[PDB]
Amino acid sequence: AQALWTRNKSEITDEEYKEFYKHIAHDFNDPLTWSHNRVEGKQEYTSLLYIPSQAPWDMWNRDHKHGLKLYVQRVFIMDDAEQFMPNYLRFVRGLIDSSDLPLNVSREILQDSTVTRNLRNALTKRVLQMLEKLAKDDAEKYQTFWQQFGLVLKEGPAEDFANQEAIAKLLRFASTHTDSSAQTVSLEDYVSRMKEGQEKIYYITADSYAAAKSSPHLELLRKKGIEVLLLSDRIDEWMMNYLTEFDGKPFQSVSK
C-alpha cells in the first residue's frame, strides 16, 4: 500500500492510476484523464488530479462535498478540501501533498494564506492544461467530458478572468455550420472558418435548440454564408455577459 502519488510517474501504469481514482473518489467509472506532478522551489508539493467520466450525483447540490484530499508531508489533513479549486472546476478529484503548509494547517490558515491562493491558481492551470491535452489527443473522450461537465465549465468566464482564453478554448457549441444540435464546435474551429471580411463571432441565445435554429434573425447571416453559434442552455445568456471577445474577435448577438 505504497502511496501511489509518491512513486515515479514513469513507474505507474495507466491501470494503477485509474484504480487509484476509483479508490479515492468512490466512483466505479474510470477517469477520463489525470495529471501527476511534483513541484519544487518557490512552492513544493505533489499533485494528482483527475477528470471523472461521469458527473457526481450531488454535483448540482450546493452542499455537495467536493474538492481535493490534502496531505502535508505525507500526513493526511482532510478530504473534500474545496480551497484548492475554483467553483467552475468543482468536479476535479485528486490530492495535493504539500511541503509549504504547516502540519497543524486549519481552514482558518487556509483562507488567510497566500500559499493556498497561489496553489489554487497553479492547480487551476494544471487542470486547464490537462483538458486542453484531452481535447487534442482524444476527441471522443473530450465530447464525454463536455456532455457531463460543460454547464459547470460555462461558469468559468465570469469566475476566472486570468484564464479566460484557456477556458474559452475548452467550450463547445452547436452552430449553423452543419445541420445538427451536437455541441462539437470549438471557438478555434469557428475562427478558422471565418469568411473574408468577417470580424465578429455571431451567436444567438434561445430557450431551446429548435428555437435557436429556427430564428428569423438567422436569415441574414445565412445569406452572407456566416456561421452562428446556437446557444440554448440556461446559463448561456449570462455567460455571454462575460465572454465578450475571443482571439481578438468580438462576439455579436444576431438579434441586436
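Residue numbers here begin at 1 and follow the sequence given.
Trainee: Averaging the C-alpha B factors as listed in the entry, name the stretch that ends up higher: 49-57 or 212-220.
Mentor: Stretch with the higher mean C-alpha B-factor: 212-220.
Trainee: Highest mean C-alpha temperature factor of the two stretches 107-115 and 161-169, which is it?
Mentor: On average, C-alpha B-factors are higher across 107-115.
Trainee: Using the temperature factors in the entry, find which of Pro102, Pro86, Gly150, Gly94 has the highest value at its Cα atom.
Mentor: It is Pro102.
Trainee: Please pick out which of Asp207, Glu196, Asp189, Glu227 has the largest Cα B-factor as recorded in the entry.
Mentor: Most elevated C-alpha B-factor of the set, per the entry: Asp207.
Trainee: Going by the recorded CA B-factors, say which third of the chain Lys136 sits in, lowest, middle or highest.
Mentor: Highest third of the chain for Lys136's C-alpha B-factor.
Trainee: Could you say whether, by C-alpha temperature factor, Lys200 belongs to the lowest, middle or highest third of its chain?
Mentor: For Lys200, whose C-alpha B-factor we compare with every modelled residue in the chain, the answer is the middle third.
Trainee: Comparing against every modelled residue in the chain, figure out the third that the C-alpha B-factor of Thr178 lands in (lowest, middle or highest).
Mentor: For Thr178, whose C-alpha B-factor we compare with every modelled residue in the chain, the answer is the highest third.
Trainee: Ranking the modelled residues of this chain by C-alpha B-factor as given in the entry, is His36 in the lowest, middle or highest third?
Mentor: Answer is lowest: the recorded C-alpha B-factor places it there.
Trainee: Taking the entry's C-alpha B-factors for this chain, is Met239 in the lowest, middle or highest third?
Mentor: Bottom third by C-alpha B-factor.
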